[PDB]
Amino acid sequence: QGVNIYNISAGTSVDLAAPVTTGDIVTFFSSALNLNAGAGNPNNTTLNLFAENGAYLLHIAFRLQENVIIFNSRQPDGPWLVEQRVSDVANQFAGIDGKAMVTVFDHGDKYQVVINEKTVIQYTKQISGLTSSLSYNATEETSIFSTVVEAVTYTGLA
């Protein structure tokens, strides 16, 4: 029942006018792909969905040198929980180059992550709640995405 657009500058965060909850959708749009960027720290790029208290509902980290895409969560001031892994980063973006899109479906019990058309994981949540903020973290030097990524939300669907 509603669309929202956010330009997220590399290394910043954004508060949602409308929170993302069960049945809602969020897609991050990048106008570039640099699968040949520098060494991650260890992350080249990360995309996150936060809850009101600041907890990491979903942590999406892209690492070229480690050639893996990690997923995890963690309480506001606690340790990282059980992380999930998907090897071969460049392979998840196959089919499209020059740009890319990362979608996260809030399925209530899980976070379905899809890169372009390919579902990368059915991430069972380790932490529950509603998403009230998003972030795109990376340096201008080593990000695999454009300096500014556009987050599009589709809320009020259920």
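Numbers for residues come from their place in the sequence shown, where the first is 1.
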{"item": "Per the entry, higher mean C-alpha B factor between 32 to 40 and 97 to 105", "value": "32 to 40"}
{"item": "Greater mean Cα temperature factor according to the PDB record, 139 to 147 or 17 to 25", "value": "139 to 147"}
{"item": "Highest recorded Cα temperature factor - choice among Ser132, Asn116, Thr124, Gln65", "value": "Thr124"}
{"item": "Chain-wide C-alpha B factor ranking for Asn48, given as lowest, middle or highest third", "value": "lowest"}
{"item": "For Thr153, the third of its chain into which the C-alpha B factor falls", "value": "middle"}
{"item": "Third assignment of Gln75 from its chain's C-alpha B-factors", "value": "highest"}
{"item": "B-factor third for the C-alpha atom of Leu58 within its chain", "value": "highest"}
{"item": "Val89 CA temperature factor, ranked by third within the chain", "value": "middle"}
